[PDB]
Amino acid sequence: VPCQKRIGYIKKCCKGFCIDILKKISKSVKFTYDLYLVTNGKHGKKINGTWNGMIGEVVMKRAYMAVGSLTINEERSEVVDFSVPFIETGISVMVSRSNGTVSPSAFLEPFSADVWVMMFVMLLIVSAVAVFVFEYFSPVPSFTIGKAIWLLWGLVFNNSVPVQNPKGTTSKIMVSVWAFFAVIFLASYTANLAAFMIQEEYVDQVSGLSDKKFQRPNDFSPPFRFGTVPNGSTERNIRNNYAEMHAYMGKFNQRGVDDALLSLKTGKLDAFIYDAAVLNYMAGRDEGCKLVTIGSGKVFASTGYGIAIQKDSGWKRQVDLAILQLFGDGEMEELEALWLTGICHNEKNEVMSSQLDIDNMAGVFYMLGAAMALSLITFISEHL
Amino acid sequence: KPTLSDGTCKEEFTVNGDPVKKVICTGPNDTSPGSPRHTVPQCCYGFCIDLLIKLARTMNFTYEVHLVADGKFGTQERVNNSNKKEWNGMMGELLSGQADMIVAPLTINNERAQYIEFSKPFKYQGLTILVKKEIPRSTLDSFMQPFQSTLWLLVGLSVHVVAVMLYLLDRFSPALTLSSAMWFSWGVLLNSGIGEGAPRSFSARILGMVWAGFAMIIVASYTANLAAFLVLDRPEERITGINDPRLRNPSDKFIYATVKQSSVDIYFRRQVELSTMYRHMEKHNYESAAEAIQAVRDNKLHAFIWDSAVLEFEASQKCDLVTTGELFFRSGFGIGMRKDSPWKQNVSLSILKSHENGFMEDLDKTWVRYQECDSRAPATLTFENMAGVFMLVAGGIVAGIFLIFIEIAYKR
Amino acid sequence: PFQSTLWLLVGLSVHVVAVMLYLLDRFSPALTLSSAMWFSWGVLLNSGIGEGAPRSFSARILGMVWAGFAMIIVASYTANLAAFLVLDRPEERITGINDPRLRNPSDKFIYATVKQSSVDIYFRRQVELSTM
Amino acid sequence: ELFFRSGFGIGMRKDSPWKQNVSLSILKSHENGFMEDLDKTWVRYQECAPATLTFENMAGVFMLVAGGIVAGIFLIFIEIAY
Amino acid sequence: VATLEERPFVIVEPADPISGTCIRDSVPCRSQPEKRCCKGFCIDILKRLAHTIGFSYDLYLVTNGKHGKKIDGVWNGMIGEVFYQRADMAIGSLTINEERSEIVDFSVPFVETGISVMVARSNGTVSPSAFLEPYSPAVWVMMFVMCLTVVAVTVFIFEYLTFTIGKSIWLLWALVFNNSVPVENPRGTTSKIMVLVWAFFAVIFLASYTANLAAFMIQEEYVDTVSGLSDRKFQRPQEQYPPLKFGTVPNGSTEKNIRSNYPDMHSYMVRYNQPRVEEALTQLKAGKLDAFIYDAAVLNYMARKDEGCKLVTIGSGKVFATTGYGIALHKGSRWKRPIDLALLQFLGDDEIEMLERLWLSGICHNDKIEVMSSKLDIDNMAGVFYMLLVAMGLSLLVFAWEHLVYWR
Ligand SMILES: O=C(O)[C@@H]1[C@H](C(=O)O)NCCN1C(=O)c1ccc2c(ccc3ccccc32)c1
Ligand SMILES: O=C(O)[C@@H]1[C@H](C(=O)O)NCCN1C(=O)c1ccc2c(ccc3ccccc32)c1
Ligand SMILES: *[C@@H]1O[C@H](CO)[C@@H](O)[C@H](O)[C@H]1NC(C)=O
Ligand SMILES: *[C@@H]1O[C@H](CO)[C@@H](O)[C@H](O)[C@H]1NC(C)=O
């Protein structure tokens, strides 16, 4: 689309999401356009009681329309009429992909708790019958209950301890048939435990910007870090409703947005807060795929974009209808994906190889520690 | 909610102890459309009624909420009298003049925007898919799965074949008895500690050795196949939104339902690509959104195309359901009023003003975003899957019971 | 499969169990800190070393759960190696058009074709494929 | 996958009178099995693994076995003397 | 315009009696005539050309034959409706043919048609030599070599306190093979510690083996079979294994090509001559048959639209005698250039592809995109039994040597 530019009127070529939307509206409502790109300011900001930018030229009646990434507000809505939004917008939060996740107590997922107790009780009965039924009633130190348990328990848990094997044709068979159960028990346990650490996936959660991470940042956790681009809509919006938050955010100002992503790409900044309209888009086309648009669908100020029109303009009614027509015919997602969809918008599985550590497995040693103390209660009681 | 005694709303408190403000709706009870009913006071509360109360606190106007008569959101359809199209539900109640303002979840579109003004949306949401969340169940039978049922009975003979060979290879070369070869050949396979007769010759050692290497491979291959079967075989019937091929074509994925005379129906009408998909569900669309969700828990309908602002609430409370797919039709709600409405300029401004006050965030925090169970599939081995092994060792006790009496009788 | 700090901690729990077994067996109303290590090290590495039978009730239960912990380490190590090995297909097949590396120029996945010909006429036909 | 299905051709000018017979002759070679002989002779011929462990990725464990041998020589002397 | 009703191409439905007029997104096709509308794939091609070229039409279903035919003097069916000045075009499921090309002229094909082959889905093998796979011969052979060094060291390291080399090999090999056999342990601490070091390698070696063995039969897909029409296994089955059974629908285009090329094909294939396309699938699905041969554009669609996805074709570029579809004309109709230009526009663009994701598609995917791990059976691991069978024979060889040493 042809475009103008002050300083002299140099011709220029225009194309973009608003332009193609304007093209669709142009033929739909049969109105023509002679786009002239603004020079003074950007978007608009009421400074010294006067409006500049795209809004400023409309209210001086120099434009009669202001397409672009104009965010609907109430200061503008009482000066320039607005159309129906064609894209949502919020105040989202950006966090890293965490490079995977760990699952504590990752040693008990297989063998639902009914299986352990069922095997444990029948482990005692097999030991009981072996030294009572098939030993006391069979030909041929002897085989006590303690030795029988010490053996059958060993066989299940990858038998390596010294054992006192039974004597007798039937006692050997009973122990032998129990060893086959141990093989299936051990083989299936390892196989099932492999499944639980293959589909571990990734865990990401922020619970919005109204949670303790952004309401009590100086909690027991280390100080959370989050910054925005100052002198903008997000800072103006957050400074009013969130008085305390604005003071805290001042310590991590990030000026240029691309500079902030460097902090996220280096880990210097814990999280990034900015408008969700571009934050989702920028992370969509982001290289490295280490940024996720967390907080999606739950943002602070869901106010969409729009096409500003002159106050009480007759074209306002015919513009909203035209925009809604493109919504009903399933067109937005065509151009939404055409222009701003990125490539890092695939499935969020991101299964990664585990790096099992003390953090990954903790209760495994606690059971050893608990049993270490559990021996003590049976150690003092031996005196009594 | 039904009104309590004395014809007044019951007293209730929120999570924070604040009173949940209630209004006296005057609408039908136990509707059952197609049968005579009567008007009766009813108790209403929730999101779209708190935002209504804050609205009345700004423009200084009174109200008396009455529920819709028929029970449908509204859709301009042609009456039997030729093609004189006439609205229904809320839109009929608003255009006629009985209603003045429609403060309810009401997706806006061209067909509705032409006759009424709509004001700015007070919440942004799309349309998703609600299906029954299948519990992770391991489809594992007894230990007969990893190996074919025609392989164990040949491995077992090979155990004896080595045993007879080992004994024959030791009673002739320049020792172990026959029973020792039986125990040793087994004892390697099941990894049991029984069996004290090791091979003696340098020719019996190798036969009893390569058998041991074969014993490890059989067990190791068992572990590998069980891991391969368990990891690979998981129930994968998840639907990734309307773009899923099952939804994109007429298929018997049970039933896909919606709500009759809603925005979803008209969205499915103007798209001629899926025109027959909409005609497919024309004989399946329910009369209310509340009933259809109950059908999903009844496994009579494993799909639902409804506003994502509503499904996510049910996917958090009724945690036996889960939502799937990506919002494929994003359009905000609207406090619609009749054309030439003096309140139109005030109402739209207050909706936009409430967004940045934080109040509009407060409402969805109490109502929609108090959060619940999410979870959202590695199945765990259960007694049902592993009952085969316990049966064998349980049968081993009774097998030896009939073997001890014949073992002692051997001496006599 | 195990982080370097896990080995050190699992390398002292065997010794911590070893001294505990000797301490508990010495006050039972011949581990002598020599057969205790063989019992402690033998179970973990699945080697039939030593005949040490901890006759004490307190020691035997520790040994009974010592084997259980030893089984977990070997079982988890196999599974982690299995999980790591199966998740080693980073080839990232293009799967034709509509691929993440193809939709936008990654500046690292260079891909070209023959000048003129039909592909250039094909690609230039659609404004959608003007990004790459 | 083949994302652009469009076969080759035999281009000629608009006024060429060979178009009728060339198209008829090229269509006759498809049915005759002839065009199943050229690709058999020129194209179809010459029709010439989950990352096995290999010695790589395992030199450490075999170094441990070798390391035990070296440490043993430094351990036998102390054990004999003590 | 003449057209024929076909299942994936042209669907004819009664006009909506409730509204009187027929449903939208359809064309009012009469017959040769109650008012009635139809839809499908070829219909959408026709209506798109109308917008582009700028021409009207009046469809009517042909009631003479199927896609035209020669009755030895008179051309009937859809083609005959154009050869006899009755119809200007014959858009539908019309296969371009040499004989039809000299009586009517066609357009640029928009759908490819060939001669394909069906087969039941293959379950998939497990690489019957899989046990030696999750390693390398360098690791396999040298680990045996490594133990020989350790065994020699262990005997020497234990001598400086009746072990001997024989028991050291037996003991060391025991640990590396999931130790369950009787063993003799040393007494010296230097030899006892060294065994533990080898025991640690035994745990790692066994753990690595079973870990990678799982991966071998997880990332393996399932194709396991590719066959071609020109292959002798298809050409003649009477000089090979139990004959492969394959048939088609006679009295059609596929039979003409299979008759002119291989006369013996026509003679042999009449044993299994299924007269119904759908019935042949049931026989193929019941194990009665082994391959159904028909046009690609009509057999790929039935392979895609099939529950269970149990039917997979091998017509992935192996279609033989491939002639596309097309729009017939009057051989002088002067519509050929505008039709060809517009038809090539859709092919040049990605227009026809969307209509392929439509009716000419199904939920089932002919590509594998699926892995299955089944029971190991006997064939898939008979290789490990052969290693044992070597040992039994090798042990007998040692037995004779153990016997003949005394006499010599
Ligand atoms: O709302 C705002 O803050 C303003 C404006 C308004 O009406 O005021 N409404 C829209 C937001 N915006 C901005 O200045 C702004 C700031 C940064 C980026 C972009 C747009 C695209 C990007 C791409 C990459 C990095 C940064 C950006 C717009
Ligand atoms: O080539 C052929 O043999 C003819 C014709 C010609 O030019 O003669 N060319 C096209 C193929 N065809 C047929 O008769 C034929 C045979 C079978 C089905 C269909 C069409 C749709 C189906 C749907 C389901 C099952 C079978 C079919 C057409
Ligand atoms: C809307 O608000 C303006 C400003 O507060 C007020 O002047 C006007 O009267 C309001 N509209 C109505 C119908 O009261
Ligand atoms: C094309 O073939 C026909 C058939 O024999 C012949 O009569 C005609 O002359 C040929 N045309 C040309 C240009 O050779």
# chains A, B, ... in the order shown; residues from 1 in each chain; ligands from 1
$ residues_around --residues "residue 187 in chain B" --least-positions-apart "5" --cutoff "9 Å" --atoms "only C-alpha atoms" --output "JSON, numbers by chain"
{"A": [176], "B": [182, 192, 193, 194, 195], "E": [180, 181]}
$ write_last_selection --atoms "N, CA and C atoms" --output "PDB file, in the first residue's frame"
ATOM      1  N   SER A 176      12.767 -71.927  44.929  1.00  0.00           N
ATOM      2  CA  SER A 176      12.997 -71.751  43.498  1.00  0.00           C
ATOM      3  C   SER A 176      11.817 -71.062  42.825  1.00  0.00           C
TER       4      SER A 176
ATOM      5  N   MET B 182      20.003 -80.714  37.427  1.00  0.00           N
ATOM      6  CA  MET B 182      18.664 -80.134  37.385  1.00  0.00           C
ATOM      7  C   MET B 182      18.611 -78.818  38.150  1.00  0.00           C
ATOM      8  N   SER B 192      18.261 -67.921  41.472  1.00  0.00           N
ATOM      9  CA  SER B 192      18.182 -68.360  42.855  1.00  0.00           C
ATOM     10  C   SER B 192      19.543 -68.830  43.350  1.00  0.00           C
ATOM     11  N   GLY B 193      19.747 -68.724  44.660  1.00  0.00           N
ATOM     12  CA  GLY B 193      20.992 -69.169  45.253  1.00  0.00           C
ATOM     13  C   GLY B 193      21.109 -70.662  45.455  1.00  0.00           C
ATOM     14  N   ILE B 194      20.030 -71.411  45.219  1.00  0.00           N
ATOM     15  CA  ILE B 194      20.078 -72.855  45.409  1.00  0.00           C
ATOM     16  C   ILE B 194      20.959 -73.496  44.344  1.00  0.00           C
ATOM     17  N   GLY B 195      21.433 -74.699  44.648  1.00  0.00           N
ATOM     18  CA  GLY B 195      22.311 -75.412  43.746  1.00  0.00           C
ATOM     19  C   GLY B 195      23.768 -75.237  44.116  1.00  0.00           C
TER      20      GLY B 195
ATOM     21  N   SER E 180      24.783 -65.773  39.337  1.00  0.00           N
ATOM     22  CA  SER E 180      23.939 -66.742  40.016  1.00  0.00           C
ATOM     23  C   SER E 180      24.588 -68.112  40.133  1.00  0.00           C
ATOM     24  N   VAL E 181      25.774 -68.308  39.567  1.00  0.00           N
ATOM     25  CA  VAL E 181      26.413 -69.619  39.514  1.00  0.00           C
ATOM     26  C   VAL E 181      27.293 -69.789  40.746  1.00  0.00           C
TER      27      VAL E 181
END
$ residues_near_ligand --ligand "ligand 4" --cutoff "6 Å" --atoms "only C-alpha atoms and all ligand atoms" --output "ChimeraX atom specification"
/D:17-18,21
$ write_last_selection --atoms "N, CA and C atoms" --output "JSON list (two decimals), in the first residue's frame"
[["chain", "number", "residue", "atom", "x", "y", "z"],
["D", 17, "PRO", "N", 2.45, -27.98, -35.25],
["D", 17, "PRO", "CA", 1.45, -29.00, -35.58],
["D", 17, "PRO", "C", 1.77, -30.38, -35.02],
["D", 18, "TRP", "N", 2.82, -30.51, -34.22],
["D", 18, "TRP", "CA", 3.21, -31.79, -33.65],
["D", 18, "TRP", "C", 2.46, -32.11, -32.36],
["D", 21, "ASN", "N", -0.05, -35.38, -32.20],
["D", 21, "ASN", "CA", 0.58, -36.69, -32.25],
["D", 21, "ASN", "C", 1.58, -36.92, -31.13]]
$ interface_residues --of "chain B" --to "chain E" --cutoff "6 Å" --atoms "only C-alpha atoms" --output "PyMOL selection string"
chain B and resi 146-148+188+191+198+203+207+213+220+224+228-229
$ residues_around --residues "range 9-23 of chain E" --least-positions-apart "6" --cutoff "7 Å" --atoms "only C-alpha atoms" --output "number ranges by chain"
E: 36-43, 92-93
$ interface_residues --of "chain A" --to "chain E" --cutoff "10 Å" --atoms "only C-alpha atoms" --output "PyMOL selection string"
chain A and resi 158-160+190-191+194
$ residues_near_ligand --ligand "ligand 1" --cutoff "8 Å" --atoms "only C-alpha atoms and all ligand atoms" --output "VMD selection string"
chain A and resid 42 to 45 69 to 72 229 232 to 234 257 to 258 275 277 to 279 281 to 282 305
$ atom_distance --atom1 "CA of residue 5 in chain D" --atom2 "CA of residue 349 in chain E"
10.7 Å
$ closest_atom_pairs --of "chain C" --to "chain D" --cutoff "12 Å" --atoms "only C-alpha atoms" --output "CSV"
residue,atom,partner,partner_atom,distance
C:81,CA,D:53,CA,11.4
C:85,CA,D:51,CA,8.6
C:86,CA,D:50,CA,8.2
C:87,CA,D:50,CA,10.3
C:88,CA,D:51,CA,8.2
C:89,CA,D:50,CA,8.2
C:90,CA,D:51,CA,11.6
C:91,CA,D:50,CA,11.8
C:93,CA,D:1,CA,11.5
C:94,CA,D:1,CA,9.7
C:95,CA,D:1,CA,6.8
C:96,CA,D:1,CA,5.3
C:97,CA,D:3,CA,7.0
C:98,CA,D:3,CA,10.1
C:99,CA,D:1,CA,11.9
C:118,CA,D:6,CA,10.3
C:119,CA,D:4,CA,9.5
C:122,CA,D:4,CA,9.1
C:123,CA,D:4,CA,10.9
$ write_last_selection --atoms "C-alpha atoms" --output "mmCIF file, in the first residue's frame"
data_model
loop_
_atom_site.group_PDB
_atom_site.id
_atom_site.type_symbol
_atom_site.label_atom_id
_atom_site.label_comp_id
_atom_site.auth_asym_id
_atom_site.auth_seq_id
_atom_site.Cartn_x
_atom_site.Cartn_y
_atom_site.Cartn_z
ATOM 1 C CA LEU C 81 20.294 -44.889 30.940
ATOM 2 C CA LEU C 85 19.257 -43.552 25.281
ATOM 3 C CA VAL C 86 15.730 -43.604 23.845
ATOM 4 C CA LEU C 87 15.708 -39.782 23.928
ATOM 5 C CA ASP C 88 18.697 -39.534 21.570
ATOM 6 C CA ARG C 89 17.080 -38.834 18.190
ATOM 7 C CA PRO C 90 17.708 -35.092 17.756
ATOM 8 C CA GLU C 91 17.884 -35.432 13.972
ATOM 9 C CA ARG C 93 13.436 -34.472 10.405
ATOM 10 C CA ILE C 94 12.143 -31.715 8.135
ATOM 11 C CA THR C 95 8.879 -33.562 7.330
ATOM 12 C CA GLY C 96 8.567 -31.561 4.132
ATOM 13 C CA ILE C 97 7.265 -28.009 3.975
ATOM 14 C CA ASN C 98 5.788 -26.313 7.069
ATOM 15 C CA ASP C 99 8.815 -27.006 9.262
ATOM 16 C CA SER C 118 10.256 -23.766 -11.495
ATOM 17 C CA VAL C 119 10.824 -23.585 -7.724
ATOM 18 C CA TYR C 122 6.655 -21.490 -7.548
ATOM 19 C CA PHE C 123 7.943 -19.759 -4.409
#
$ atom_distance --atom1 "CA of residue 227 in chain A" --atom2 "CA of residue 253 in chain A"
5.3 Å
$ residues_near_ligand --ligand "ligand 3" --cutoff "8 Å" --atoms "only C-alpha atoms and all ligand atoms" --output "PyMOL selection string"
chain B and resi 59+341-347
$ write_last_selection --atoms "N, CA, C and O atoms" --output "compact mmCIF listing (two decimals), in the first residue's frame"
# COMPACT_ATOMS: atom_id res chain seq x y z
N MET B 59 -23.66 4.44 37.13
CA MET B 59 -24.64 5.22 36.38
C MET B 59 -25.87 5.58 37.20
O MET B 59 -26.74 6.29 36.69
N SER B 341 -29.49 3.89 22.82
CA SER B 341 -29.54 3.70 24.26
C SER B 341 -28.66 4.75 24.91
O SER B 341 -27.44 4.76 24.68
N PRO B 342 -29.22 5.66 25.71
CA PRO B 342 -28.38 6.66 26.38
C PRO B 342 -27.32 6.04 27.28
O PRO B 342 -26.25 6.64 27.46
N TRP B 343 -27.59 4.87 27.85
CA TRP B 343 -26.60 4.21 28.70
C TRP B 343 -25.42 3.66 27.91
O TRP B 343 -24.43 3.27 28.53
N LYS B 344 -25.50 3.62 26.58
CA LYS B 344 -24.46 2.95 25.80
C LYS B 344 -23.10 3.61 25.99
O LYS B 344 -22.08 2.92 26.12
N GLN B 345 -23.06 4.94 26.01
CA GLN B 345 -21.78 5.62 26.17
C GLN B 345 -21.21 5.42 27.56
O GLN B 345 -20.01 5.19 27.72
N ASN B 346 -22.06 5.50 28.59
CA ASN B 346 -21.59 5.25 29.95
C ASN B 346 -21.13 3.80 30.12
O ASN B 346 -20.05 3.54 30.67
N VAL B 347 -21.93 2.85 29.64
CA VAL B 347 -21.71 1.44 29.97
C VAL B 347 -20.38 0.96 29.40
O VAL B 347 -19.60 0.29 30.09
$ interface_residues --of "chain E" --to "chain D" --cutoff "8 Å" --atoms "only C-alpha atoms" --output "JSON, numbers by chain"
{"E": [97, 98, 101, 102, 133, 134, 135, 136, 137, 138, 139, 150, 153, 157, 160, 161, 189, 190, 194, 197, 198, 201, 204, 212, 215, 216, 219, 220, 257, 260, 261, 320, 321, 322, 323, 347]}
$ residues_near_ligand --ligand "ligand 2" --cutoff "7 Å" --atoms "only C-alpha atoms and all ligand atoms" --output "PyMOL selection string"
chain E and resi 6-8+66-68+93-96+252-254+277-278+295+298+302
$ residues_around --residues "residue 237 in chain B" --least-positions-apart "2" --cutoff "10 Å" --atoms "only C-alpha atoms" --output "VMD selection string"
chain B and resid 134 234 to 235 239 to 240 253
$ residues_around --residues "range 26-30 of chain C" --least-positions-apart "2" --cutoff "10 Å" --atoms "only C-alpha atoms" --output "PyMOL selection string"
(chain A and resi 379+382-383) or (chain C and resi 20-24+32-36+52-59)
$ atom_distance --atom1 "CA of residue 106 in chain A" --atom2 "CA of residue 320 in chain B"
24.8 Å
$ closest_residue --among "A:224, A:189, A:315, A:242" --to "chain C" --atoms "only C-alpha atoms"
A:189
